[PDB]
Amino acid sequence: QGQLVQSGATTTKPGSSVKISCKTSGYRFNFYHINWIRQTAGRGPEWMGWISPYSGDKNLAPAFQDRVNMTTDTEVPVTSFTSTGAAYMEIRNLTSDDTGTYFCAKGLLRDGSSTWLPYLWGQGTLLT
Amino acid sequence: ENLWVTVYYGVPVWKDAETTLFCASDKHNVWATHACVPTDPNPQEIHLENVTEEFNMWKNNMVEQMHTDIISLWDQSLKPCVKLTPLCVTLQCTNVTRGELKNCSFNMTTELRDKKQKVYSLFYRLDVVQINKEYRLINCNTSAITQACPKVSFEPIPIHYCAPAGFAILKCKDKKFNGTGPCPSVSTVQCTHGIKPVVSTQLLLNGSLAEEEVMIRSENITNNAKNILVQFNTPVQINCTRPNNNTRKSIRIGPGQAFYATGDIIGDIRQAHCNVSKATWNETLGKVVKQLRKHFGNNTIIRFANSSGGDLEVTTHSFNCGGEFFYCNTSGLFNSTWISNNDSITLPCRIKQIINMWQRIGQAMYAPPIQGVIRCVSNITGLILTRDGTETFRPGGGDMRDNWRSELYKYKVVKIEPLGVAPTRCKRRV
Amino acid sequence: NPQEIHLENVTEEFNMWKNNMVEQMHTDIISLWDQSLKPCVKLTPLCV
Amino acid sequence: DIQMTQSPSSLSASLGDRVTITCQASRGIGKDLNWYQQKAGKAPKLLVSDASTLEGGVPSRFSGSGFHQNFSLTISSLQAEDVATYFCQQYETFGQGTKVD
Amino acid sequence: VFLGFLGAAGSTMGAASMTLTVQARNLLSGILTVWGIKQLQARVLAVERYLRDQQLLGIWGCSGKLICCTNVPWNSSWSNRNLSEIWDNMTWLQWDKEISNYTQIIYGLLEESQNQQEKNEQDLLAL
Amino acid sequence: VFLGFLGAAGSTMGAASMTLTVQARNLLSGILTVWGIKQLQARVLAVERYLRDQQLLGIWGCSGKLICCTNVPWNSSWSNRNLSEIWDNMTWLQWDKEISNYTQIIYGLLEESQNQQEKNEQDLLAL
Amino acid sequence: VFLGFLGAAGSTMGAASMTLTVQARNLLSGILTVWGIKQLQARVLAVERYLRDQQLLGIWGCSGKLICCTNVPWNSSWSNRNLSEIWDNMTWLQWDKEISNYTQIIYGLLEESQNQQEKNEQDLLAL
Ligand SMILES: *[C@@H]1O[C@H](CO)[C@@H](O[C@@H]2O[C@H](CO)[C@@H](O[C@@H]3O[C@H](CO[C@H]4O[C@H](CO)[C@@H](O)[C@H](O[C@H]5O[C@H](CO)[C@@H](O)[C@H](O)[C@@H]5O)[C@@H]4O)[C@@H](O)[C@H](O[C@H]4O[C@H](CO)[C@@H](O)[C@H](O)[C@@H]4O)[C@@H]3O)[C@H](O)[C@H]2NC(C)=O)[C@H](O)[C@H]1NC(C)=O
Ligand SMILES: *[C@@H]1O[C@H](CO)[C@@H](O[C@@H]2O[C@H](CO)[C@@H](O[C@@H]3O[C@H](CO[C@H]4O[C@H](CO)[C@@H](O)[C@H](O)[C@@H]4O)[C@@H](O)[C@H](O[C@H]4O[C@H](CO)[C@@H](O)[C@H](O)[C@@H]4O)[C@@H]3O)[C@H](O)[C@H]2NC(C)=O)[C@H](O)[C@H]1NC(C)=O
Ligand SMILES: *[C@@H]1O[C@H](CO)[C@@H](O[C@@H]2O[C@H](CO)[C@@H](O[C@@H]3O[C@H](CO[C@H]4O[C@H](CO)[C@@H](O)[C@H](O)[C@@H]4O)[C@@H](O)[C@H](O)[C@@H]3O)[C@H](O)[C@H]2NC(C)=O)[C@H](O)[C@H]1NC(C)=O
Ligand SMILES: *[C@@H]1O[C@H](CO)[C@@H](O[C@@H]2O[C@H](CO)[C@@H](O)[C@H](O)[C@H]2NC(C)=O)[C@H](O)[C@H]1NC(C)=O
Ligand SMILES: *[C@@H]1O[C@H](CO)[C@@H](O[C@@H]2O[C@H](CO)[C@@H](O)[C@H](O)[C@H]2NC(C)=O)[C@H](O)[C@H]1NC(C)=O
Ligand SMILES: *[C@@H]1O[C@H](CO)[C@@H](O[C@@H]2O[C@H](CO)[C@@H](O)[C@H](O)[C@H]2NC(C)=O)[C@H](O)[C@H]1NC(C)=O
Ligand SMILES: *[C@@H]1O[C@H](CO)[C@@H](O[C@@H]2O[C@H](CO)[C@@H](O)[C@H](O)[C@H]2NC(C)=O)[C@H](O)[C@H]1NC(C)=O
Ligand SMILES: *[C@@H]1O[C@H](CO)[C@@H](O[C@@H]2O[C@H](CO)[C@@H](O)[C@H](O)[C@H]2NC(C)=O)[C@H](O)[C@H]1NC(C)=O
Ligand SMILES: *[C@@H]1O[C@H](CO)[C@@H](O)[C@H](O)[C@H]1NC(C)=O
Ligand SMILES: *[C@@H]1O[C@H](CO)[C@@H](O)[C@H](O)[C@H]1NC(C)=O
Ligand SMILES: *[C@@H]1O[C@H](CO)[C@@H](O)[C@H](O)[C@H]1NC(C)=O
Ligand SMILES: *[C@@H]1O[C@H](CO)[C@@H](O)[C@H](O)[C@H]1NC(C)=O
Ligand SMILES: *[C@@H]1O[C@H](CO)[C@@H](O)[C@H](O)[C@H]1NC(C)=O
Ligand SMILES: *[C@@H]1O[C@H](CO)[C@@H](O)[C@H](O)[C@H]1NC(C)=O
Ligand SMILES: *[C@@H]1O[C@H](CO)[C@@H](O)[C@H](O)[C@H]1NC(C)=O
Ligand SMILES: *[C@@H]1O[C@H](CO)[C@@H](O)[C@H](O)[C@H]1NC(C)=O
Ligand SMILES: *[C@@H]1O[C@H](CO)[C@@H](O)[C@H](O)[C@H]1NC(C)=O
Ligand SMILES: *[C@@H]1O[C@H](CO)[C@@H](O)[C@H](O)[C@H]1NC(C)=O
Ligand SMILES: *[C@@H]1O[C@H](CO)[C@@H](O)[C@H](O)[C@H]1NC(C)=O
């Protein structure tokens, strides 16, 4: 029930790497995963991976395992049930095939069968 | 949908409350630690994962409760003791062979009500006032006076405050936790750690250190009328001694009533004082001056001065050493100006005997003299500064509850409320 | 009506020399003695 | 170290007008601001303490509000007895004052 | 796992609800001197607060229960949250805040629903 | 209607028997200074008298019940009144006076009827 | 026969088990002066020890029971004695000594066996 603001549209060229931010608020950051999903021109949407700010655990698709740098900071507590977090994302071998809009998404629940499901999303970032 | 409320008994939920705490511990000492429940040898500390609690050391009621408990135990430990009101008589005093301690002879009541006795006793300057020269004890025109029973000890004994059943205490594991705010790591305990009720001034003695860095706490640090509670991370050692070899002399002033008088000094007459390592005190003032810039500026200069006025208790490092109440000049510790970028300090300490302890005007206490040579070793683990309304910080104190607040910041009293109503698709039969 | 129940078949170990009732009675009397002398007059003026 | 900018320095209004005075702080002070009223040849009188708490005995026409850095003192329906100098207070620093006419 | 007293304070309402006896044990035992009267006042306070919770369980037909199912249907005005977004999302601490206002109302409904239930059972056995 | 604490004191035994939780709530909460010891003595007295009534309900198999049905058949020596001339004629105040003598006897019958009932249930489940 | 309070102390475990209410009655009633504080301390002590036994019965699903059957199977490590050599041979005094060590273990087993039993009953009624 909070915002997940992201970075700006940083357009580079193939070969380089790009780091996109995702600063959270209005909710306990360490209680939900942070999913990363992209919708490029050439395919539809593709799920990249999520990371658990609490456990530090990371699970990402084999199509992006050897490309994605997925790290998180540690929440700065605001109130008892509110904090402010930050999630980072990078890509290694960047090309023009990877041009699209990228988002971060907060997990759906804290338990059950839909724990990590991308429920609360950011706004998007335009790549190369 | 089909949702009926269901009752749950024993749900991890609590509220901020304030209850009556009770003591636990491990000669009788003033803090009646023998009347406390034995501290359990297995101290259960449960860590509250994922929990984040709000603390506020400046509203904590444990402090306000501890402060009246000590006062209450002080008054309890002086009822059975002898009343020195017959001592409020004219004294004939001469110097001792500068001019601090006196030698005073008076007419005193014996065990028979129709017989007198011309006894003499030594008194420090701070305990008498003028009218051979004619003197008088300081308290006589304000308050009655009660001699401390010479079998109770002023030794700070570790006291543990425990909450009743159905209440809990919430610690704060945050190594860099300042005064207020939401503690990220929290745990629950049944009693507090071993808190020594050290009555001190300016320099917090024998207390608990800070892990990691040296902390600094205050309500409004921008408010000059709020004492800064700086807590060290490395203790700087201070050694105090009264080197005179004093002697105690019993004087029967009535049936079963014996006033313990200072007999005479056996050997050299010397000054009482305290030593701190000038090197270790230099590096500790630096650690303090560093965290002082985080709130006032990387370029502004931080200056230390001595007190600017007040009574003896607040203008000096007031404390107690082996049973005698010292009052140390601290001008040699707070005389530095810090820019944007064997050794020993010695403090002249005086000694008093008619002490009013807290701020009560009406209940004075005569501390009986301690035989032998007094020396004690203690750590100064905290500090109580006061910035001038260049930002200059000068020591101070007086309100003894800041001492208790310096050890009770980690804790908070909460009330367990285990009844919880929540909906599920459950219903009972007919 | 003082109820005394007899414990058939029971056999208990006693030790009158460790009994705490004794140590408790002795301080109770002392405690009641001291209680019964607080309101009474002090004869310290008699020490003449 | 703090700086209180009180505005305006002087104003004039008729009987029954709404008068508002502002005090800006150079940095966050929470709600630690107090408002006073001082007439000619008299000692100040506390109107509002803690930014928005009306002192006892002060007529209800007075009111204050503010937090962080923007504060205000309001006199709903000015009267003849209200002619004085009003100033805010942050600890030992005061505003420069406003002379009402 | 054994988290300890209030160990599941930050866990979800479903997780903590399996660790009820943990908090139920230490509610009555724990996890004329000055201290003498200070301790006696606490020993009486612990019993009074305990019997008050037991008194409410008794007049709700829940005496002896840790998880007790009732007859009062959940009014969505109290909380219009889904079941899966409560027991697997919220902590009992958050839940007690969101139901702060309506708690006194539910406590009355659970009472008459029990005096009418046993009044009905007195008729079911009148034959 | 909501009559209040002891509101149905003058009503018939049947009417008052529907307002039991009313009187059950205020039995434990309510509707070294002089006052300090005077209040502590009252706080302990309230708990003792409460647990005594709860103790009797427990050893009668009625713990948690407000209306509790038993196995002791009504001896007409206690009161040879008809059912309709009691629950629709008398007030609980009058009834407590008429059964003043026989009350201690019934209290014993309700006790062994419960220790034999559970001793029987221990045999019913011995297979 | 009526043996009295602890009358069956020397009788067999089976005989004494029929006289439970005898010992259950006198557990709460009985069979600033010096005596004033001495009596108040005893009146509070009696309630605390009583509610502790009641607290254990509550979290074992035995609240209100004198003879209570459970789900914990008897571990022969605790006592490898035959049924007929216990209830018709031993006295409760001897039995409490032989099970001195294992008593704290059984008390925990009886607790989780109840929180899992009601957690299961909450699912049996989830339909
Ligand atoms: C404190 O707060 C944090 C944050 O809210 C809580 O952390 C969350 O806990 C819940 C439950 O414990 C987690 O939900 C479960 O998620 C697992 C998915 O994990 C699996 O996959 C991972 C990636 O492949 C893998 O890392 C896991 O492997 C184990 O090892 C890692 C090592 O890093 C360890 O950290 C993990 O915890 C794993 O144990 C694992 O293979 C999912 O499988 C669960 O679903 C099953 O169980 C539920 C019932 O619970 C059932 O309904 C399902 O059908 C399925 O059977 C379950 O969804 C969640 O992921 C955690 N993290 C979040 C929310 O960010 C923490 O529990 C709190 N602790 C306390 C004490 O309060
Ligand atoms: C605080 O002030 C009190 C006074 O109020 C001091 O007490 C007095 O101290 C002096 C010493 O400073 C004492 O004087 C000494 O008395 C000794 C006792 O002798 C008496 O008794 C014999 C009988 O056996 C008589 O013959 C004799 O005349 C005395 O009456 C003497 O032995 C001492 O003599 C020494 O001095 C003389 C002259 O100087 C020498 O010739 C001797 O050789 C010898 O060296 C001395 O006279 C006095 O008695 C004390 N009074 C009381 C009441 O006790 C405290 O000392 C002082 N304390 C401090 C710390 O300042
Ligand atoms: C800060 O804490 C210090 C240590 O925790 C305090 O030092 C303590 O001070 C007291 C009194 O000043 C001392 O008690 C005295 O002990 C001597 C004899 O002690 C020696 O002999 C015993 C044998 O029983 C032996 O066990 C000791 O180790 C000593 O070798 C007595 O003669 C006195 O009458 C008095 O009882 C403590 O011993 C002393 N502890 C230590 C470790 O030095 C210090 O006072 C505290 N500071 C403040 C301001 O409170
Ligand atoms: C103890 O010695 C001091 C120091 O000599 C004396 O102080 C003097 O007191 C007189 C008053 O009688 C003053 O006029 C002097 O100026 C003081 N001198 C100093 C240096 O301060 C004191 O009087 C002596 N006391 C006794 C009882 O002899
Ligand atoms: C004063 O100095 C230190 C406090 O930092 C104490 O000495 C250390 O005490 C801890 C725990 O008590 C031990 O683990 C260390 O080994 C001690 N260090 C040394 C060099 O002995 C000392 O007890 C303090 N004295 C007080 C607080 O009275
Ligand atoms: C302080 O003075 C006392 C006496 O006033 C000294 O005590 C004496 O100690 C020796 C042993 O060294 C004994 O033989 C004497 O009998 C003691 N005298 C008394 C009156 O008890 C003590 O030694 C002195 N201590 C210091 C440090 O000066
Ligand atoms: C305070 O006193 C302590 C002990 O009385 C001093 O510690 C001693 O220091 C010397 C020199 O380093 C060592 O040889 C001793 O072994 C130390 N004593 C102990 C018990 O460890 C300390 O130096 C004094 N400090 C000050 C500032 O006076
Ligand atoms: C004095 O301290 C109080 C409480 O620590 C401060 O009040 C907070 O101020 C911040 C920033 O203005 C607000 O975001 C909080 O909501 C305030 N909390 C409360 C409880 O009032 C206050 O700002 C401080 N004042 C000064 C002058 O430093
Ligand atoms: C004691 O009393 C006598 C009585 O005259 C007097 O002369 C003497 O000075 C008194 N002593 C003291 C020390 O006051
Ligand atoms: C007590 O006497 C002192 C003498 O030092 C004097 O200054 C003070 O005013 C007196 N105080 C009272 C309360 O009489
Ligand atoms: C303590 O830290 C919190 C967050 O870091 C901060 O908001 C608060 O002002 C700090 N306390 C003081 C007295 O500065
Ligand atoms: C503080 O220092 C000044 C000058 O060094 C001195 O005059 C004053 O007496 C000192 N105050 C105290 C209480 O030591
Ligand atoms: C403290 O010491 C300084 C010099 O060391 C001295 O000037 C000052 O007077 C002393 N304090 C007092 C109260 O005398
Ligand atoms: C919900 O509560 C309101 C008042 O709080 C009541 O008017 C309404 O009838 C309730 N609805 C249900 C379905 O119980
Ligand atoms: C309870 O009432 C208060 C009234 O001030 C309101 O602010 C609060 O939002 C209410 N609680 C809920 C959960 O709506
Ligand atoms: C009624 O009570 C008397 C003694 O009070 C008893 O002798 C009689 O058997 C009882 N009758 C019934 C039917 O219980
Ligand atoms: C109870 O016994 C007394 C004996 O004095 C008798 O007067 C009274 O009538 C009896 N009660 C009833 C209801 O008969
Ligand atoms: C009996 O207890 C032991 C430990 O005391 C345990 O290891 C064993 O599994 C238990 N056996 C049964 C049948 O419960
Ligand atoms: C309980 O443990 C003690 C350990 O000293 C042992 O002597 C005793 O025999 C044990 N109890 C039983 C019934 O075996």
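Side chains are part of it too, since the values below use all heavy atoms of this structure and drop only hydrogens, waters and symmetry mates. Lettering of chains follows the sequences in order, A, B, ..., and the numbering in each one begins at 1. In each ligand, atom 1 is the first atom listed, and ligand 1 is the first ligand listed.
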Going by the rule ring pair (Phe, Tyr, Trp, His ring centres under 6.0 Å), which residues pair with [X] if we only count those two or more places apart in sequence or in a different chain?
{"X": "E:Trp87", "value": "B:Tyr8, E:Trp92"}
{"X": "D:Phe71", "value": "none"}
{"X": "B:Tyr366", "value": "B:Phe259"}

Take E:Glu98 and E:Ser79, measure what side chain to side chain donor-acceptor pair (under 3.5 Å) needs, and give me the verdict at the end. CA-CA 8 Å; E:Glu98 185 178 346; E:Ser79 172; 3.0 Å; yes

Ligand 18 and G:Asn75, any nitrogen or oxygen pair closer than 3.5 angstrom?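 G:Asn75 vs ligand 18: N/O contact under 3.5 Å present.
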
With a 4.0 Å cut-off on N to O distance, would you call B:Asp75 and B:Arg360 a salt bridge?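 Looking at B:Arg360 together with B:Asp75, the answer is yes, because their closest N to O distance falls below 4.0 Å.
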
Whether B:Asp16 and B:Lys415 form a salt bridge (side-chain N of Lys/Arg under 4.0 Å from carboxylate O of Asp/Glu) is what I want to check.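 Salt bridge flag = no for B:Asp16 with B:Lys415.
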
Go ahead and list the nitrogen or oxygen contacts between ligand 10 and the protein that come in under 3.5 Å, distances to 0.1 Å, or just say none.
{"residue": "ligand 10", "atom": "2 (O)", "partner": "B:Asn141", "partner atom": "ND2", "Å": "2.3"}
{"residue": "ligand 10", "atom": "11 (N)", "partner": "B:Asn141", "partner atom": "ND2", "Å": "3.1"}
{"residue": "ligand 10", "atom": "14 (O)", "partner": "B:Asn141", "partner atom": "ND2", "Å": "3.1"}

For E:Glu98, counting its heavy atoms only, list the atoms of ligand 15 lying under 4.0 Å from any of them.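 By the 4.0 Å cutoff, the relevant atoms are 13 (C).
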
Within 45° of the axis and under 6.0 Å from the centre of the six-membered ring of A:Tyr32, does NZ or CZ of A:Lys106 qualify?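 Here A:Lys106 passes the 6.0 Å and 45° test against A:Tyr32.
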
